[PDB]
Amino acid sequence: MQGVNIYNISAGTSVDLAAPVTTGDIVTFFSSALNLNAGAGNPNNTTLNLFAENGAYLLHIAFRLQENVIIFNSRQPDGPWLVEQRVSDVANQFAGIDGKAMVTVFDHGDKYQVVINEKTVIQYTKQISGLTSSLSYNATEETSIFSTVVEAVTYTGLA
């Protein structure tokens, strides 16, 4: 049955989904703030993650202002990071809207489509497959580009 679930992710924490995200489902992260002038990351300023049942990082979205790039990657929980995909000009991806932002991920089965507000910044070919059982938003209190609490909304049972 189609459903909507809402989660409040505080910076530096994760949440387990009550309804898993699989092929055809959607997850949108909402930030009630946007600080594109934050200091240097360590190396990341902000990261958004979708975890599989087995603990794998299905999709890792990392925003690095200092390197002016958004990174997309995957990795096993006990393995190394795999092949990174990069999008240049972080600030430009959020152009049009200020004071807040929205990041959407579509699980298309063999790929993850990431959209910043209304702009699809990448069709990321999966390096690791499976359904998402957990999410996390990692960042410090001083250098995150998003608010202290990031809200995640999932639309599941779509297919």
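Start at 1 and count along the sequence shown; that's the residue number.
The PDB entry assigns the greatest CA B-factor among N49, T28, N54, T46 to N54.
Among the modelled residues of the chain, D98 sits in the highest third by CA temperature factor in this PDB entry. The entry lists a Cα temperature factor for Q127 that places it in the middle third of the chain's modelled residues. The deposited CA B-factor of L59 belongs to the lowest third of values across its chain. Ranked against the other modelled residues of its chain, the C-alpha B-factor of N92 as given in the entry falls in the highest third. Ranked within its chain, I70 lands in the lowest third, by CA B factor from the PDB record.
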